[PDB]
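What follows is a single structure, written as C-alpha cells, with notes after it.
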Amino acid sequence: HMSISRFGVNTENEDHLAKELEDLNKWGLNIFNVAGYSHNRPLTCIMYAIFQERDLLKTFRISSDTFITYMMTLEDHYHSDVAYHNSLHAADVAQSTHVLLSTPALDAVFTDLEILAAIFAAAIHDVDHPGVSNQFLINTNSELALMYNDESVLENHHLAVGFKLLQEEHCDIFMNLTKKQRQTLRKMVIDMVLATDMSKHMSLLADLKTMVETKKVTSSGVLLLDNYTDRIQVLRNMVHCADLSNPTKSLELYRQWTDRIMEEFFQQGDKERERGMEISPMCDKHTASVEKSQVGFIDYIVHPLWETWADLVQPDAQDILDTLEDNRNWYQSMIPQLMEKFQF
Ligand SMILES: O=C(O)Cc1ccc(Nc2nc(-c3cccc(Cl)c3)nc(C3CC3)n2)cc1
Ligand SMILES: [Mg+2]
Ligand code: NA
Ligand SMILES: [Zn+2]
C-alpha cells in the first residue's frame with residue numbers, strides 16, 4: 001500500500017517508475033516507460049504525480065483516495081484495444097499540458113482553478129473514444145451522431161462521460177469545491193475539451209493569431225492578458241497544442257505515436273471496407289504513404305499552430321519548434337523515392 005500512496009498505482013518496479021517521473025516537468029518525459037512501470041496505468045500515475053507536484057489536492061481539498069478511485073475508473077473508460085486514443089494518449093496530453101502551463105511567458109497569468117481545469121480537461125479529453133472519427137460516426141448514422149446532432153460528437157461524449165463518472169459513488173473529487181468554483185471549473189473544462197475538436201483547428205488558429213498580433217509583455221517577457229476571455233483563449237489553444245504535440249517530441253517518441261495513429265486509421269478503414277463504404281483519406285493500408293502524410297500534417301496543421309504558439313510565448317517554445325522542424329526533415333527523408341478534417 002505505500003507505493004500506491006507514493007504513486008497512486010501498484011508497481012513491481014518502484015525505482016524505475018520514480019526515475020521516469022523525475023522528468024515530470026520536462027517535455028522529454030517518456031510516457032511509454034511510465035506505462036511500462038505502472039502496470040499499464042499511465043493516466044492514473046501521471047495524474048497523481050501532476051496533482052502532487054502542483055499541490056492541487058491540497059489547494060482544492062481533493063482526497064487522494066477519492067482521486068485514485070476516480071482516475072482508475074476514468075482510465076478504465078479509455079479502450080485498451082483502440083490503438084491511439086487510449087489512456088496513454090490522454091496521459092501524454094495531460095503531462096504535456098502540465099509542462100505548457102509552466103512556460104515562463106505565462107508565469108502567474110492563470111488562477112489555480114484555471115490550472116486545475118486545464119489538466120483535468122486534458123485527462124478526460126478522449127475518454128471512451130471508440131477508435132473511429134466524428135466523420136465516420138456521422139456517415140454511419142451512429143447513435144452518438146444522432147444524440148449530438150453531428151457537432152463535436154466525440155468531444156461532447158468525452159465530456160459527458162468524464163462528468164458522469166464524478167456522480168458515481170466514491171468518485172466525486174470536487175466535492176469540497178464551493179458551488180461557484182464547481183460552476184466555473186465545469187464551464188472552463190467544457191470549453192477546453194470542445195476546443196480539441198479538430199474541425200475547429202483553423203478557427204482556433206485564427207483567433208490565436210489575433211492574440212499574437214495584439215500581444216503585449218512586461219519588460220520581463222511575461223504576457224499581459226486583460227481578462228477571462230483572453231486567458232480561456234490561451235488555455236484552449238494550449239490544450240489543443242498538447243493534443244497535437246506528438247510531432248514536437250523526440251523522434252523515438254513521435255514514431256511510436258505515428259505507428260499508433262496509423263493502426264487506428266487502418267482499423268477504421270477496415271470497418272469502412274467491411275461495410276462497403278468509400279475508405280476515408282489515410283485509412284487505406286493499401287494506398288497509405290505514412291511518411292508523406294506526416295510531412296503534410298506538419299506543414300499544414302502542426303507547424304502553423306506551433307509557430308504561432310511559439311510567437312505568443314517567445315522565446316520559450318523555440319526548442320519545441322526546432323524539434324518539430326527536425327522531425328519534419330526526418331519524415332521527408334524517408335519518403336520512398338487532410339485539410340477538411342481540420343476545417344469547417
Ligand atoms: O481522426 C480525426 O478525424 C481527427 C484527428 C486527426 C489527427 C490526430 N492525430 C494525428 N493525426 C495525424 C495525421 C496525419 C496525416 C493525416 C491526418 Cl488527417 C492526420 N498524424 C498524427 C501523428 C502525430 C502522431 N496524429 C487525431 C485525431
Ligand atoms: Mg479527441
Ligand atoms: Na478500458
Ligand atoms: Zn486527444
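Following the order of the C-alpha cells, first chain is A, next is B, and so on, with residues numbered from 1 inside each chain and ligands from 1 in the order they appear.
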Considering only C-alpha atoms and all ligand atoms, tabulate each residue of chain A that lies at most 12 Å from ligand 2 along with its nearest interatomic pair and the corresponding distance in Å to one decimal; arrange the rows by chain and ascending residue number and present them as a Markdown table.
```
| residue | atom | partner | partner_atom_place_in_ligand_line | distance |
| --- | --- | --- | --- | --- |
| A:78 | CA | ligand 2 | 1 (Mg) | 11.9 |
| A:84 | CA | ligand 2 | 1 (Mg) | 10.4 |
| A:85 | CA | ligand 2 | 1 (Mg) | 7.6 |
| A:86 | CA | ligand 2 | 1 (Mg) | 10.5 |
| A:87 | CA | ligand 2 | 1 (Mg) | 12.0 |
| A:89 | CA | ligand 2 | 1 (Mg) | 9.9 |
| A:90 | CA | ligand 2 | 1 (Mg) | 9.4 |
| A:93 | CA | ligand 2 | 1 (Mg) | 10.6 |
| A:121 | CA | ligand 2 | 1 (Mg) | 11.1 |
| A:122 | CA | ligand 2 | 1 (Mg) | 9.8 |
| A:123 | CA | ligand 2 | 1 (Mg) | 11.2 |
| A:124 | CA | ligand 2 | 1 (Mg) | 9.6 |
| A:125 | CA | ligand 2 | 1 (Mg) | 6.2 |
| A:126 | CA | ligand 2 | 1 (Mg) | 5.0 |
| A:127 | CA | ligand 2 | 1 (Mg) | 8.5 |
| A:128 | CA | ligand 2 | 1 (Mg) | 10.2 |
| A:129 | CA | ligand 2 | 1 (Mg) | 7.7 |
| A:130 | CA | ligand 2 | 1 (Mg) | 10.6 |
| A:131 | CA | ligand 2 | 1 (Mg) | 10.1 |
| A:132 | CA | ligand 2 | 1 (Mg) | 10.4 |
| A:133 | CA | ligand 2 | 1 (Mg) | 8.7 |
| A:134 | CA | ligand 2 | 1 (Mg) | 9.3 |
| A:152 | CA | ligand 2 | 1 (Mg) | 9.3 |
| A:153 | CA | ligand 2 | 1 (Mg) | 9.9 |
| A:154 | CA | ligand 2 | 1 (Mg) | 6.9 |
| A:155 | CA | ligand 2 | 1 (Mg) | 6.2 |
| A:156 | CA | ligand 2 | 1 (Mg) | 9.9 |
| A:157 | CA | ligand 2 | 1 (Mg) | 10.0 |
| A:158 | CA | ligand 2 | 1 (Mg) | 8.1 |
| A:159 | CA | ligand 2 | 1 (Mg) | 10.6 |
| A:192 | CA | ligand 2 | 1 (Mg) | 11.1 |
| A:193 | CA | ligand 2 | 1 (Mg) | 7.9 |
| A:194 | CA | ligand 2 | 1 (Mg) | 8.8 |
| A:195 | CA | ligand 2 | 1 (Mg) | 9.3 |
| A:196 | CA | ligand 2 | 1 (Mg) | 5.8 |
| A:197 | CA | ligand 2 | 1 (Mg) | 6.1 |
| A:198 | CA | ligand 2 | 1 (Mg) | 7.5 |
| A:199 | CA | ligand 2 | 1 (Mg) | 10.5 |
| A:200 | CA | ligand 2 | 1 (Mg) | 11.5 |
| A:201 | CA | ligand 2 | 1 (Mg) | 11.8 |
| A:239 | CA | ligand 2 | 1 (Mg) | 10.8 |
| A:240 | CA | ligand 2 | 1 (Mg) | 9.4 |
| A:242 | CA | ligand 2 | 1 (Mg) | 11.4 |
| A:243 | CA | ligand 2 | 1 (Mg) | 7.9 |
| A:244 | CA | ligand 2 | 1 (Mg) | 10.2 |
```
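By chain and then residue number, the residues within 7 Å of stretch 26-29 of chain A are residues 23, 96, 99 and 249 of chain A, counting only C-alpha atoms and disregarding those fewer than 3 positions away in sequence.
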Could you save the residues just selected, with C-alpha atoms, as a CSV table (one decimal), in the first residue's frame?
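Final output, out.csv:
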```csv
chain,number,residue,atom,x,y,z
A,23,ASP,CA,11.2,14.1,-15.9
A,96,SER,CA,2.3,17.9,-21.9
A,99,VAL,CA,4.6,21.4,-19.0
A,249,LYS,CA,8.7,15.3,-29.1
```
Item to complete: Find the spatial neighbours of residue A:51, counting only C-alpha atoms, within a cut-off of 10 Å - ignore same-chain residues fewer than 6 positions away - and output them as a ChimeraX atom specification.
Response: /A:57-59,62,64,67,98,116,119-120
Worksheet item: Among stretch 163-247 of chain A, which ones does DSSP place in alpha helix (DSSP H), written as an MDAnalysis selection string?
Response: chainID A and resid 163:165 179:194 201:213 228:243
Restrict the selected residues to C-alpha atoms and save them as a PDB file, in the first residue's frame.
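Output contents, as saved in result-v4.pdb:
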```pdb
ATOM      1  CA  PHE A 163     -18.534  14.285 -15.750  1.00  0.00           C
ATOM      2  CA  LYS A 164     -20.934  11.397 -15.322  1.00  0.00           C
ATOM      3  CA  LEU A 165     -18.094   9.459 -13.606  1.00  0.00           C
ATOM      4  CA  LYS A 179     -20.602  25.948  -5.742  1.00  0.00           C
ATOM      5  CA  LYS A 180     -19.028  28.949  -7.646  1.00  0.00           C
ATOM      6  CA  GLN A 181     -15.741  27.071  -8.094  1.00  0.00           C
ATOM      7  CA  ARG A 182     -17.621  23.949  -9.369  1.00  0.00           C
ATOM      8  CA  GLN A 183     -19.564  26.084 -11.818  1.00  0.00           C
ATOM      9  CA  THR A 184     -16.564  27.923 -13.092  1.00  0.00           C
ATOM     10  CA  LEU A 185     -14.469  24.761 -13.326  1.00  0.00           C
ATOM     11  CA  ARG A 186     -17.212  22.960 -15.218  1.00  0.00           C
ATOM     12  CA  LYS A 187     -17.545  25.777 -17.832  1.00  0.00           C
ATOM     13  CA  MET A 188     -13.790  26.014 -18.428  1.00  0.00           C
ATOM     14  CA  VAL A 189     -13.358  22.239 -18.803  1.00  0.00           C
ATOM     15  CA  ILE A 190     -16.276  22.021 -21.301  1.00  0.00           C
ATOM     16  CA  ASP A 191     -14.746  24.893 -23.246  1.00  0.00           C
ATOM     17  CA  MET A 192     -11.324  23.334 -23.430  1.00  0.00           C
ATOM     18  CA  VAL A 193     -12.408  19.792 -24.453  1.00  0.00           C
ATOM     19  CA  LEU A 194     -14.721  21.173 -27.152  1.00  0.00           C
ATOM     20  CA  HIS A 201      -8.492  23.803 -35.665  1.00  0.00           C
ATOM     21  CA  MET A 202      -8.468  26.666 -38.235  1.00  0.00           C
ATOM     22  CA  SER A 203     -10.795  28.913 -36.226  1.00  0.00           C
ATOM     23  CA  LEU A 204      -8.775  28.366 -33.119  1.00  0.00           C
ATOM     24  CA  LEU A 205      -5.621  29.152 -35.020  1.00  0.00           C
ATOM     25  CA  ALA A 206      -7.077  32.419 -36.462  1.00  0.00           C
ATOM     26  CA  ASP A 207      -8.107  33.534 -33.011  1.00  0.00           C
ATOM     27  CA  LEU A 208      -4.702  32.700 -31.691  1.00  0.00           C
ATOM     28  CA  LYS A 209      -3.090  34.756 -34.459  1.00  0.00           C
ATOM     29  CA  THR A 210      -5.146  37.757 -33.343  1.00  0.00           C
ATOM     30  CA  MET A 211      -3.846  37.268 -29.906  1.00  0.00           C
ATOM     31  CA  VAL A 212      -0.265  37.145 -31.176  1.00  0.00           C
ATOM     32  CA  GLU A 213      -0.874  40.260 -33.362  1.00  0.00           C
ATOM     33  CA  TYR A 228     -11.076  35.969 -18.668  1.00  0.00           C
ATOM     34  CA  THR A 229     -11.751  35.965 -22.377  1.00  0.00           C
ATOM     35  CA  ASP A 230      -8.054  36.325 -23.256  1.00  0.00           C
ATOM     36  CA  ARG A 231      -6.982  33.624 -20.697  1.00  0.00           C
ATOM     37  CA  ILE A 232      -9.521  30.992 -21.743  1.00  0.00           C
ATOM     38  CA  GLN A 233      -8.479  31.585 -25.337  1.00  0.00           C
ATOM     39  CA  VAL A 234      -4.867  30.836 -24.452  1.00  0.00           C
ATOM     40  CA  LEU A 235      -5.824  27.779 -22.392  1.00  0.00           C
ATOM     41  CA  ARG A 236      -7.991  26.302 -25.148  1.00  0.00           C
ATOM     42  CA  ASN A 237      -5.099  26.722 -27.594  1.00  0.00           C
ATOM     43  CA  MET A 238      -2.721  25.240 -25.076  1.00  0.00           C
ATOM     44  CA  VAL A 239      -4.719  22.033 -24.720  1.00  0.00           C
ATOM     45  CA  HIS A 240      -5.118  21.878 -28.489  1.00  0.00           C
ATOM     46  CA  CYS A 241      -1.309  22.261 -28.803  1.00  0.00           C
ATOM     47  CA  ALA A 242      -0.705  19.478 -26.289  1.00  0.00           C
ATOM     48  CA  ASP A 243      -3.137  17.259 -28.226  1.00  0.00           C
TER      49      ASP A 243
END
```
Worksheet entry | d(atom CA of residue A:271, atom CA of residue A:82) in Å | 13.3 Å
Item to complete: Produce as number ranges by chain the set of residues near ligand 3, where near means within 6 Å with only C-alpha atoms and all ligand atoms considered.
Response: A: 76-80
Discussion item. What does the structure give for the distance between atom CA of residue A:324 and atom CA of residue A:248, in Å to one decimal?
Written reply: 4.5 Å
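Considering only C-alpha atoms, the residue among A:148, A:48, A:136, A:306 positioned nearest to residue A:281 is A:136.
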Discussion item. Please return as a ChimeraX atom specification the residues found within 6 Å of ligand 1, counting only C-alpha atoms and all ligand atoms.
Written reply: /A:133,198,246-247,257-258,261,293-294,297,338,341
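The two atoms in question, atom CA of residue A:11 and atom CA of residue A:175, are spaced 29.0 Å apart.
Closest approach to ligand 4 among A:74, A:222, A:94, A:305 is made by A:94 (distances from only C-alpha atoms and all ligand atoms).
Counting only C-alpha atoms and all ligand atoms, the residue from A:88, A:320, A:288, A:47 that sits nearest to ligand 4 is A:88.
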